[PDB]
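Participant: First the structure, then my questions, so here it is.
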Amino acid sequence: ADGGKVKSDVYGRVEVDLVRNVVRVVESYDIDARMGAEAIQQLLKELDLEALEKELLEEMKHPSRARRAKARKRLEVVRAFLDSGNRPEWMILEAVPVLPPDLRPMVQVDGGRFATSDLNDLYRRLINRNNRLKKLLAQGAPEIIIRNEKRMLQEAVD
Amino acid sequence: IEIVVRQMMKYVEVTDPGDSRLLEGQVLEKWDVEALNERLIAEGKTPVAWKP
Amino acid sequence: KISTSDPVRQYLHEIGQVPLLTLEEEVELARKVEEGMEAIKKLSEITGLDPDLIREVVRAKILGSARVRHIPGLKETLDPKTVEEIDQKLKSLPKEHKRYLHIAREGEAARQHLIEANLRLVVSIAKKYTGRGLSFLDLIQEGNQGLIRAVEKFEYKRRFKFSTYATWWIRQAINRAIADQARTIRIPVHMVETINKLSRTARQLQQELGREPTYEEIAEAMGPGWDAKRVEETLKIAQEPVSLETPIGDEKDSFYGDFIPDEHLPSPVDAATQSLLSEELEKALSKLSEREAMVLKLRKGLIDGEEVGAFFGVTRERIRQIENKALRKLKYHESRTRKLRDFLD
Amino acid sequence: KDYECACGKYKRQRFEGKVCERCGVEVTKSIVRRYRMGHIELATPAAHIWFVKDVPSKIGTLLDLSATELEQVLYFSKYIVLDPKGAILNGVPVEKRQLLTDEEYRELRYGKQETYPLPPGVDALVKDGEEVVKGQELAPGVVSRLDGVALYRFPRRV
Amino acid sequence: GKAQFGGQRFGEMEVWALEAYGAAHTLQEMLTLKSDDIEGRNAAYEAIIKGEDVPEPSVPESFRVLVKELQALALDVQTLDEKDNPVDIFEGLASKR
Ligand SMILES: [Zn+2]
């Protein structure tokens, strides 16, 4: 692969000059570095509950009265999903529900006067961002911006 | 006033576990039931020591 | 902790670390951007692959793996197989042609180091277009949507500077977003450039008369086809939806919305009328010769109300025939048994 | 509107539980329009704030991260969370579930050092390196004598 | 508004009084028919006129609004039965297409 993503013995990137057969190769392999809920999603989809539980059962009943108080407070929550609950992937969002229309009406008032729950405005916000997202990624992709937008988005989502 | 007060004492802390971990504090009778099905119906008594 | 600064900072962090030479390096990257498309355009030839393909696949080989191709736009193309496969053919191209693969790649890479060196070039510009109705960020975001759109188009051969060239497109992109996202009820660009005039003319008239212009002063002032009904009509629209939820009366708890009634839903007395109407018309439906009744019945009744293509087979004169007669017989057998008289409506 | 269609392709109870082709509209009066919901397929995910800003940060507990200060760092920003594999070292090896910063992350992936010593005048430095550049390895801190002690403070090649 | 008189607000304390009383139904009356049940009052009005015991209360919108309101937040609120099996409040109108 040239002037970019290239998997060698244990070196990362690879630049290329055709003047002299000079093929520089910086050395940092695929260092999975991410952020945003993208990072946390993976992590949430890989936590083997049963493990973590038996991890703290042993982490609880043995160490001193210190790090075992943290493990208890950290187990009840795990036991929560673990019991008849529903696994912890769900805490993330890749599909934001949308409140019905008539609950957040769009009314007509005194002449041009129109009424509408603020909610509609927060949604639009969210939509336009999420939409600028993809459309941004598509058209090439300078990093700073992709996050800036993902950041802004992250705000809108809440 | 008793009716109400009794509600003020309808919770007890845990010490000796079996199903769920110790320091929890739950309804008083939600233990007169369990402790009731861990010593008589299904033996192998799991004495759940609680705290008013 | 509060956004804005981070980005304004994150920019300056790679900006303050990666500024670009006023000419040279910009002219350098440029040549490497144009020689990029040009290159790809030849790849497509020598490969019968659509430019859209090369452009993407080359981008991933640089920007991001199979990760960024999955979540963004679904698995239409094989995140694994399809991409490497294409690259396989590119690398398999003889020296004479592979030449361009490296150029393409070296091309898109340059684009990368040309879009960032100006992210602040945008910010500055955005600094102006502000309070119109978009967060400072968005205003900057939509400005970058313009920065790139300005790279795809710059011709370095035409000696005039880049920075400038970017200005134009950037403002272009910011405005659109402004005209298009600014309000809750979409209004056209047309009836936008027009509202501003009116907002403006409203002031020129505030200037001399003193009396807040009647829809006449404003109309005369504006222009040609401007009546009095027009301006009055232009404004109700130039208004802003009032929050369905806002303090009403002796404002405390009583929330606005609860003062607005309903209409779709029939209130009990009406829900009871459809009851009586239905059954009574339906009882007075049977005392008829279905041969024509059930045609007008369902007509207004079932589908929609056209006398011509009205009946199945028989011609028209037999429509009105039993129609006008059945209808009437139907009108007088009810005059007797007065059921509908006191209009259920 | 009531049983009526979007464009009036249908208009009665008879055609109750059935749909239209041209516009598409099952139907029973407006009432449904308030009970129905819809979504917004997001580009990159974002988590339910409720779960992130509640004392027991459910995603900060179940995940042993700064229960409220680590997320705040990765979430609404660009401060990486080393996902799986992370070959190369930063003094130590891979940091399984630890974090890094823009300065280090960028000092890692895109290799290590990228300096930009650009010379003064036109006939100066153009004779201190040109000869010791193209394929000529240059040690750290090598001196570039002509104008201003140009000092390349990082390894390998030029 | 202009003609019809506005309803009376059934205060919490008013709720307790009734709650305190064995006035079981009477309280559900106020929570649905006389206010929050669209299907109800409707069914209710007519029921009378003809001459029958009112139609057992549907559900209050106040609740239905909570589910969708709550649902706007990635939190799912689904009611249940004897066995932990679904039960549909928004009567079928939420079964996609
Ligand atoms: Zn239609």
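Here's how to read the names in the structure tokens: chain A, B, ... by the order shown, residue numbers from 1 in each chain, ligand numbers from 1 in the order shown.
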Please return as a list in words the residues found within 9 Å of ligand 1, counting only C-alpha atoms and all ligand atoms.

Facilitator: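 For ligand 1, the residues inside 9 Å are residues 5, 6, 7, 8, 9, 10, 19, 20, 21, 22, 23, 24 and 25 of chain D.
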
Participant: At a cut-off of 12 Å, which residues of chain B touch chain A? Count only C-alpha atoms and give the answer as a ChimeraX atom specification.

Facilitator: /B:17,19-24

Participant: How would the residues just picked look written out with N, CA, C and O atoms as a PDB file, in the first residue's frame?

Facilitator:
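In the end it all went to part.pdb:
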ATOM      1  N   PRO B  17     -24.939 -13.469  53.946  1.00  0.00           N
ATOM      2  CA  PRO B  17     -25.509 -13.723  52.613  1.00  0.00           C
ATOM      3  C   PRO B  17     -25.769 -15.170  52.152  1.00  0.00           C
ATOM      4  O   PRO B  17     -25.460 -16.139  52.843  1.00  0.00           O
ATOM      5  N   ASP B  19     -27.990 -15.480  48.653  1.00  0.00           N
ATOM      6  CA  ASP B  19     -28.462 -15.174  47.306  1.00  0.00           C
ATOM      7  C   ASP B  19     -27.765 -13.902  46.818  1.00  0.00           C
ATOM      8  O   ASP B  19     -26.984 -13.928  45.870  1.00  0.00           O
ATOM      9  N   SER B  20     -28.051 -12.787  47.478  1.00  0.00           N
ATOM     10  CA  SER B  20     -27.450 -11.513  47.115  1.00  0.00           C
ATOM     11  C   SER B  20     -26.534 -10.984  48.223  1.00  0.00           C
ATOM     12  O   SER B  20     -26.711 -11.299  49.405  1.00  0.00           O
ATOM     13  N   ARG B  21     -25.562 -10.169  47.823  1.00  0.00           N
ATOM     14  CA  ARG B  21     -24.567  -9.616  48.733  1.00  0.00           C
ATOM     15  C   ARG B  21     -25.053  -8.866  49.965  1.00  0.00           C
ATOM     16  O   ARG B  21     -26.110  -8.242  49.961  1.00  0.00           O
ATOM     17  N   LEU B  22     -24.239  -8.965  51.016  1.00  0.00           N
ATOM     18  CA  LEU B  22     -24.472  -8.394  52.349  1.00  0.00           C
ATOM     19  C   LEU B  22     -25.055  -6.991  52.543  1.00  0.00           C
ATOM     20  O   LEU B  22     -26.269  -6.830  52.649  1.00  0.00           O
ATOM     21  N   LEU B  23     -24.191  -5.985  52.630  1.00  0.00           N
ATOM     22  CA  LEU B  23     -24.636  -4.609  52.848  1.00  0.00           C
ATOM     23  C   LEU B  23     -25.691  -4.118  51.852  1.00  0.00           C
ATOM     24  O   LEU B  23     -25.368  -3.410  50.898  1.00  0.00           O
ATOM     25  N   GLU B  24     -26.951  -4.487  52.086  1.00  0.00           N
ATOM     26  CA  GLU B  24     -28.047  -4.085  51.201  1.00  0.00           C
ATOM     27  C   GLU B  24     -29.212  -3.410  51.915  1.00  0.00           C
ATOM     28  O   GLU B  24     -29.659  -2.329  51.521  1.00  0.00           O
TER      29      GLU B  24
END

Participant: Between A:132, A:94, A:101, A:114, which one has atoms that come closest to residue 41 in chain A, using only C-alpha atoms?

Facilitator: A:94

Participant: Please, which residues of chain A lie no more than 6 Å from chain C when the count uses only C-alpha atoms, and can they be set out as a list in words?

Facilitator: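 My answer is residues 2, 3, 4, 5, 112, 114, 115, 116 and 117 of chain A.
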
Participant: Please save N, CA, C and O atoms of the selected residues as a CSV table (one decimal), in the first residue's frame.

Facilitator:
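Once everything was written out, this is result.csv:
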chain,number,residue,atom,x,y,z
A,2,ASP,N,0.6,2.3,-0.6
A,2,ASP,CA,1.6,3.4,-0.7
A,2,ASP,C,1.3,4.6,0.1
A,2,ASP,O,0.2,4.8,0.6
A,3,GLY,N,2.3,5.5,0.3
A,3,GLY,CA,2.2,6.7,1.0
A,3,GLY,C,1.1,6.7,2.1
A,3,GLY,O,0.3,7.6,2.2
A,4,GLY,N,0.9,5.6,2.8
A,4,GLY,CA,-0.1,5.5,3.8
A,4,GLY,C,-0.3,4.1,4.4
A,4,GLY,O,0.7,3.3,4.4
A,5,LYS,N,-1.5,3.9,5.0
A,5,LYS,CA,-1.8,2.6,5.6
A,5,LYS,C,-1.1,1.5,4.9
A,5,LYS,O,-1.3,1.2,3.8
A,112,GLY,N,-50.7,34.4,11.6
A,112,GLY,CA,-49.5,33.7,11.4
A,112,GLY,C,-48.9,33.1,12.6
A,112,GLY,O,-47.9,32.3,12.5
A,114,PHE,N,-47.9,30.6,15.2
A,114,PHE,CA,-47.8,29.1,15.2
A,114,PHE,C,-47.3,28.7,16.5
A,114,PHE,O,-46.4,29.3,17.1
A,115,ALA,N,-47.8,27.6,17.1
A,115,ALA,CA,-47.3,27.1,18.3
A,115,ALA,C,-46.7,25.7,18.2
A,115,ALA,O,-47.2,24.8,17.5
A,116,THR,N,-45.6,25.4,19.0
A,116,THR,CA,-45.0,24.1,18.9
A,116,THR,C,-44.0,23.8,20.1
A,116,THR,O,-43.0,24.6,20.2
A,117,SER,N,-44.2,22.7,20.8
A,117,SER,CA,-43.3,22.3,21.8
A,117,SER,C,-41.8,22.4,21.4
A,117,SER,O,-41.4,22.0,20.3

Participant: Give the answer as one residue: which of A:122, A:107, A:26, A:157 has the shortest atom-to-atom distance to residue 50 in chain D, using only C-alpha atoms?

Facilitator: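 Looking at the shortest contact to residue 50 in chain D, the residue is A:157.
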
Participant: Wanna dump the chain D-chain E contacts at 9 Å for me, each residue with its shortest atom pair and the distance in Å to one decimal, counting only C-alpha atoms, ordered by chain and number, as a Markdown table?

Facilitator:
| residue | atom | partner | partner_atom | distance |
| --- | --- | --- | --- | --- |
| D:19 | CA | E:97 | CA | 8.6 |
| D:25 | CA | E:97 | CA | 8.7 |
| D:26 | CA | E:97 | CA | 7.0 |
| D:28 | CA | E:93 | CA | 8.9 |
| D:31 | CA | E:93 | CA | 8.8 |
| D:32 | CA | E:93 | CA | 5.7 |
| D:33 | CA | E:93 | CA | 8.8 |
| D:34 | CA | E:65 | CA | 8.9 |
| D:35 | CA | E:90 | CA | 6.6 |
| D:36 | CA | E:94 | CA | 5.6 |
| D:37 | CA | E:94 | CA | 7.6 |
| D:47 | CA | E:74 | CA | 8.9 |
| D:48 | CA | E:74 | CA | 6.6 |
| D:50 | CA | E:73 | CA | 8.8 |

Participant: Could the residues in this selection be saved with N, CA and C atoms as a PDB file, in the first residue's frame?

Facilitator:
ATOM      1  N   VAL D  19     -53.658  -0.782   3.306  1.00  0.00           N
ATOM      2  CA  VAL D  19     -52.900   0.390   2.878  1.00  0.00           C
ATOM      3  C   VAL D  19     -52.905   0.773   1.411  1.00  0.00           C
ATOM      4  N   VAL D  25     -50.702   5.060   3.642  1.00  0.00           N
ATOM      5  CA  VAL D  25     -51.332   5.518   4.877  1.00  0.00           C
ATOM      6  C   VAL D  25     -52.419   4.596   5.445  1.00  0.00           C
ATOM      7  N   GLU D  26     -52.035   3.699   6.353  1.00  0.00           N
ATOM      8  CA  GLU D  26     -53.011   2.819   6.996  1.00  0.00           C
ATOM      9  C   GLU D  26     -53.928   3.836   7.648  1.00  0.00           C
ATOM     10  N   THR D  28     -57.087   4.990  10.893  1.00  0.00           N
ATOM     11  CA  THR D  28     -58.167   5.072  11.856  1.00  0.00           C
ATOM     12  C   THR D  28     -57.829   6.519  12.092  1.00  0.00           C
ATOM     13  N   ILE D  31     -56.108  10.024  15.990  1.00  0.00           N
ATOM     14  CA  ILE D  31     -55.642   9.416  17.232  1.00  0.00           C
ATOM     15  C   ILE D  31     -54.360   8.595  17.163  1.00  0.00           C
ATOM     16  N   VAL D  32     -54.129   7.866  16.078  1.00  0.00           N
ATOM     17  CA  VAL D  32     -52.897   7.080  15.982  1.00  0.00           C
ATOM     18  C   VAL D  32     -51.661   7.956  15.900  1.00  0.00           C
ATOM     19  N   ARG D  33     -51.791   9.053  15.171  1.00  0.00           N
ATOM     20  CA  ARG D  33     -50.719  10.016  14.960  1.00  0.00           C
ATOM     21  C   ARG D  33     -50.064  10.562  16.225  1.00  0.00           C
ATOM     22  N   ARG D  34     -50.629  10.281  17.391  1.00  0.00           N
ATOM     23  CA  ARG D  34     -50.005  10.759  18.614  1.00  0.00           C
ATOM     24  C   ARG D  34     -49.348   9.583  19.325  1.00  0.00           C
ATOM     25  N   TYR D  35     -49.888   8.396  19.103  1.00  0.00           N
ATOM     26  CA  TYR D  35     -49.364   7.200  19.724  1.00  0.00           C
ATOM     27  C   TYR D  35     -48.182   6.571  18.989  1.00  0.00           C
ATOM     28  N   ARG D  36     -48.013   6.893  17.711  1.00  0.00           N
ATOM     29  CA  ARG D  36     -46.937   6.325  16.904  1.00  0.00           C
ATOM     30  C   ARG D  36     -45.578   6.957  17.093  1.00  0.00           C
ATOM     31  N   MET D  37     -44.526   6.157  16.947  1.00  0.00           N
ATOM     32  CA  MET D  37     -43.167   6.650  17.115  1.00  0.00           C
ATOM     33  C   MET D  37     -42.281   6.412  15.922  1.00  0.00           C
ATOM     34  N   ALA D  47     -24.134   8.021  24.147  1.00  0.00           N
ATOM     35  CA  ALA D  47     -24.880   7.362  25.221  1.00  0.00           C
ATOM     36  C   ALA D  47     -25.920   8.202  25.943  1.00  0.00           C
ATOM     37  N   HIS D  48     -26.886   7.528  26.563  1.00  0.00           N
ATOM     38  CA  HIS D  48     -27.962   8.187  27.285  1.00  0.00           C
ATOM     39  C   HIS D  48     -27.366   8.941  28.445  1.00  0.00           C
ATOM     40  N   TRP D  50     -28.394  10.310  30.913  1.00  0.00           N
ATOM     41  CA  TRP D  50     -28.967   9.832  32.168  1.00  0.00           C
ATOM     42  C   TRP D  50     -28.034   8.847  32.853  1.00  0.00           C
TER      43      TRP D  50
END

Participant: Please tabulate, as CSV, the residues of chain C that come within 10 Å of chain E, each with its closest pair of atoms and the distance in Å to one decimal, counting only C-alpha atoms and ordering rows by chain, then residue number upward.

Facilitator:
residue,atom,partner,partner_atom,distance
C:259,CA,E:1,CA,8.5
C:260,CA,E:1,CA,9.9
C:261,CA,E:1,CA,9.3
C:265,CA,E:38,CA,8.2
C:266,CA,E:42,CA,8.3
C:267,CA,E:42,CA,7.0
C:268,CA,E:42,CA,5.0
C:269,CA,E:45,CA,7.5
C:270,CA,E:42,CA,9.3
C:271,CA,E:42,CA,6.8
C:272,CA,E:46,CA,5.8
C:273,CA,E:46,CA,9.5
C:275,CA,E:46,CA,8.8

Participant: Once DSSP has gone over the backbone, tell me which residues of range 84-291 of chain C are in alpha helix (DSSP H), as a ChimeraX atom specification.

Facilitator: /C:84-92,95-115,119-128,136-148,162-181,190-208,217-222,228-237,268-271,273-286,290-291

Participant: Restricting the calculation to only C-alpha atoms, which member of D:13, D:44, D:101, D:57 is positioned closest to chain A?

Facilitator: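 Nearest candidate to chain A out of D:13, D:44, D:101, D:57: D:44.
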
Participant: I'd like the interatomic distance between CA of residue 213 in chain C and CA of residue 195 in chain C, to a tenth of an Å.

Facilitator: 15.9 Å

Participant: Just the residues within 10 Å of residue 128 in chain D, please, counting only C-alpha atoms, with nothing from its chain fewer than 6 positions along; format it as an NGL selection string.

Facilitator: :D and (143-147 or 150)

Participant: Produce a file of the selected residues containing N, CA, C and O atoms, as a short mmCIF file (atom, residue, chain, number, x, y, z; two decimals), in the first residue's frame.

Facilitator:
data_model
loop_
_atom_site.label_atom_id
_atom_site.label_comp_id
_atom_site.auth_asym_id
_atom_site.auth_seq_id
_atom_site.Cartn_x
_atom_site.Cartn_y
_atom_site.Cartn_z
N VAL D 143 24.21 19.38 13.92
CA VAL D 143 24.24 20.82 13.70
C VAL D 143 24.10 21.23 12.25
O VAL D 143 24.61 20.56 11.35
N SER D 144 23.39 22.33 12.03
CA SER D 144 23.21 22.88 10.69
C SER D 144 23.73 24.31 10.85
O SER D 144 22.99 25.24 11.15
N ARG D 145 25.04 24.44 10.66
CA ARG D 145 25.81 25.67 10.84
C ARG D 145 25.47 27.04 10.21
O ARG D 145 25.56 28.05 10.91
N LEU D 146 25.10 27.09 8.93
CA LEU D 146 24.89 28.39 8.29
C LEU D 146 24.09 29.51 8.97
O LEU D 146 24.68 30.35 9.64
N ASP D 147 22.77 29.55 8.81
CA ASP D 147 22.01 30.62 9.46
C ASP D 147 21.18 30.13 10.63
O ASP D 147 20.25 29.34 10.46
N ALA D 150 20.47 25.65 13.08
CA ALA D 150 19.40 24.70 12.79
C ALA D 150 19.75 23.39 13.50
O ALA D 150 20.79 22.79 13.25
#

Participant: Compile the contact shell of range 74-82 of chain D as JSON, numbers by chain: residues with an atom at most 7 Å away, counting only C-alpha atoms, same-chain residues fewer than 6 positions apart removed.

Facilitator: {"A": [32, 33, 34, 35, 36, 37, 39, 147, 151, 154], "D": [95, 96, 97, 98, 99, 100, 101, 102]}

Participant: If we count only C-alpha atoms and set the cut-off at 12 Å, which residues sit around residue 8 in chain E, ignoring sequence neighbours fewer than 4 positions away in its own chain? Please answer as an NGL selection string.

Facilitator: :E and (14 or 30 or 34-35)

Participant: Keeping only C-alpha atoms, write those residues as a PDB file, in the first residue's frame.

Facilitator:
ATOM      1  CA  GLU E  14     -59.012  14.917  47.113  1.00  0.00           C
ATOM      2  CA  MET E  30     -61.659  10.634  37.885  1.00  0.00           C
ATOM      3  CA  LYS E  34     -64.112  12.281  33.510  1.00  0.00           C
ATOM      4  CA  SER E  35     -60.775  13.441  32.066  1.00  0.00           C
TER       5      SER E  35
END

Participant: Neighbouring residues of residue 140 in chain D were defined as those with any atom within 7 Å, considering only C-alpha atoms; residues of the same chain fewer than 2 positions away were excluded. Please report them as a list in words.

Facilitator: residues 138, 142, 152, 153, 154 and 155 of chain D

Participant: Keeping N, CA and C atoms for every residue in the selection just given, could you write it to a file as a PDB file, in the first residue's frame?

Facilitator:
ATOM      1  N   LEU D 138      21.006  11.143   9.665  1.00  0.00           N
ATOM      2  CA  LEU D 138      21.470  12.231  10.515  1.00  0.00           C
ATOM      3  C   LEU D 138      21.141  11.993  11.983  1.00  0.00           C
ATOM      4  N   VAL D 142      22.161  16.911  15.352  1.00  0.00           N
ATOM      5  CA  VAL D 142      23.179  17.242  14.363  1.00  0.00           C
ATOM      6  C   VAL D 142      23.069  18.737  14.117  1.00  0.00           C
ATOM      7  N   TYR D 152      18.281  19.641  14.313  1.00  0.00           N
ATOM      8  CA  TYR D 152      17.342  18.535  14.136  1.00  0.00           C
ATOM      9  C   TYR D 152      17.505  17.655  15.383  1.00  0.00           C
ATOM     10  N   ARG D 153      16.567  17.743  16.326  1.00  0.00           N
ATOM     11  CA  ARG D 153      16.667  16.974  17.566  1.00  0.00           C
ATOM     12  C   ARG D 153      16.081  15.565  17.596  1.00  0.00           C
ATOM     13  N   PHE D 154      15.801  14.995  16.425  1.00  0.00           N
ATOM     14  CA  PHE D 154      15.257  13.640  16.358  1.00  0.00           C
ATOM     15  C   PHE D 154      15.856  12.749  15.243  1.00  0.00           C
ATOM     16  N   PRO D 155      16.197  11.485  15.591  1.00  0.00           N
ATOM     17  CA  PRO D 155      16.787  10.316  14.911  1.00  0.00           C
ATOM     18  C   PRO D 155      16.872  10.096  13.388  1.00  0.00           C
TER      19      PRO D 155
END

Participant: Which distance in Å separates CA of residue 4 in chain D and CA of residue 87 in chain E, to one decimal?

Facilitator: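 Interatomic distance here is 29.1 Å.
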
Participant: Within 9 Å of range 25-37 of chain B, counting only C-alpha atoms, which residues qualify if same-chain residues fewer than 2 places away don't, as a PyMOL selection string?

Facilitator: chain B and resi 9-14+22-23+39-43+45-48+50-52

Participant: Would you write out, as a Markdown table, a table of all residues in chain A that have an atom no more than 6 Å from an atom of chain E, listing for each the closest atom pair and the distance in Å to one decimal, considering only C-alpha atoms and ordering rows by chain and rising residue number?

Facilitator:
| residue | atom | partner | partner_atom | distance |
| --- | --- | --- | --- | --- |
| A:97 | CA | E:72 | CA | 5.1 |
| A:98 | CA | E:72 | CA | 5.4 |
| A:99 | CA | E:72 | CA | 5.1 |

Participant: Keeping only N, CA and C atoms, take the residues you just selected and write them out as a PDB file, in the first residue's frame.

Facilitator:
ATOM      1  N   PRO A  97     -34.967   7.212  19.626  1.00  0.00           N
ATOM      2  CA  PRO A  97     -36.423   7.231  19.440  1.00  0.00           C
ATOM      3  C   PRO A  97     -36.900   8.653  19.179  1.00  0.00           C
ATOM      4  N   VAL A  98     -38.066   8.784  18.547  1.00  0.00           N
ATOM      5  CA  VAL A  98     -38.628  10.098  18.269  1.00  0.00           C
ATOM      6  C   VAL A  98     -40.072  10.218  18.718  1.00  0.00           C
ATOM      7  N   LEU A  99     -40.261  11.046  19.735  1.00  0.00           N
ATOM      8  CA  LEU A  99     -41.560  11.309  20.310  1.00  0.00           C
ATOM      9  C   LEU A  99     -42.596  11.512  19.209  1.00  0.00           C
TER      10      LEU A  99
END

Participant: Could you check the closest approach to chain D for each of A:51, A:60, A:138, A:153 and tell me which residue wins, using only C-alpha atoms?

Facilitator: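 Using only C-alpha atoms, the shortest distance to chain D belongs to A:153.
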
Participant: Mind listing as an MDAnalysis selection string which residues of chain D are within 7 Å of chain C, counting only C-alpha atoms?

Facilitator: chainID D and resid 10:12 30 43

Participant: Write the residues of the preceding selection, restricted to C-alpha atoms, as a compact mmCIF listing (two decimals), in the first residue's frame.

Facilitator:
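Once everything was written out, this is result_36.txt:
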# COMPACT_ATOMS: atom_id res chain seq x y z
CA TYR D 10 -59.38 6.00 -0.08
CA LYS D 11 -61.98 7.50 2.30
CA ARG D 12 -63.96 5.15 4.55
CA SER D 30 -55.87 11.08 13.80
CA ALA D 43 -23.94 8.01 12.31

Participant: Please, which residues of range 4-91 of chain A, numbered as in this document, come out strand (DSSP E or B) from DSSP, as JSON, numbers by chain?

Facilitator: {"A": [4, 5, 13, 14, 17, 22, 33, 34]}

Participant: Can I get the selected residues back with N, CA and C atoms, as a PDB file, in the first residue's frame?

Facilitator:
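File produced: out31.pdb:
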ATOM      1  N   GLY A   4       0.917   5.558   2.764  1.00  0.00           N
ATOM      2  CA  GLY A   4      -0.123   5.475   3.767  1.00  0.00           C
ATOM      3  C   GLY A   4      -0.281   4.111   4.411  1.00  0.00           C
ATOM      4  N   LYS A   5      -1.473   3.864   4.953  1.00  0.00           N
ATOM      5  CA  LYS A   5      -1.803   2.603   5.608  1.00  0.00           C
ATOM      6  C   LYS A   5      -1.055   1.458   4.931  1.00  0.00           C
ATOM      7  N   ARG A  13       3.259   3.199   9.347  1.00  0.00           N
ATOM      8  CA  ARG A  13       3.013   3.776   8.023  1.00  0.00           C
ATOM      9  C   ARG A  13       4.177   3.641   7.056  1.00  0.00           C
ATOM     10  N   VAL A  14       3.882   3.885   5.785  1.00  0.00           N
ATOM     11  CA  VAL A  14       4.870   3.785   4.725  1.00  0.00           C
ATOM     12  C   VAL A  14       4.735   4.908   3.692  1.00  0.00           C
ATOM     13  N   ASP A  17       8.793   7.464  -2.332  1.00  0.00           N
ATOM     14  CA  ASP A  17       9.346   8.411  -3.285  1.00  0.00           C
ATOM     15  C   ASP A  17       9.843   7.602  -4.461  1.00  0.00           C
ATOM     16  N   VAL A  22      13.404   4.933  -2.673  1.00  0.00           N
ATOM     17  CA  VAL A  22      13.362   5.192  -1.241  1.00  0.00           C
ATOM     18  C   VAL A  22      11.943   4.967  -0.714  1.00  0.00           C
ATOM     19  N   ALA A  33      -6.905   3.170  18.604  1.00  0.00           N
ATOM     20  CA  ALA A  33      -7.130   4.311  19.469  1.00  0.00           C
ATOM     21  C   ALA A  33      -8.421   4.959  18.982  1.00  0.00           C
ATOM     22  N   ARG A  34      -9.435   5.014  19.846  1.00  0.00           N
ATOM     23  CA  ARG A  34     -10.730   5.594  19.485  1.00  0.00           C
ATOM     24  C   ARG A  34     -11.285   6.412  20.640  1.00  0.00           C
TER      25      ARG A  34
END
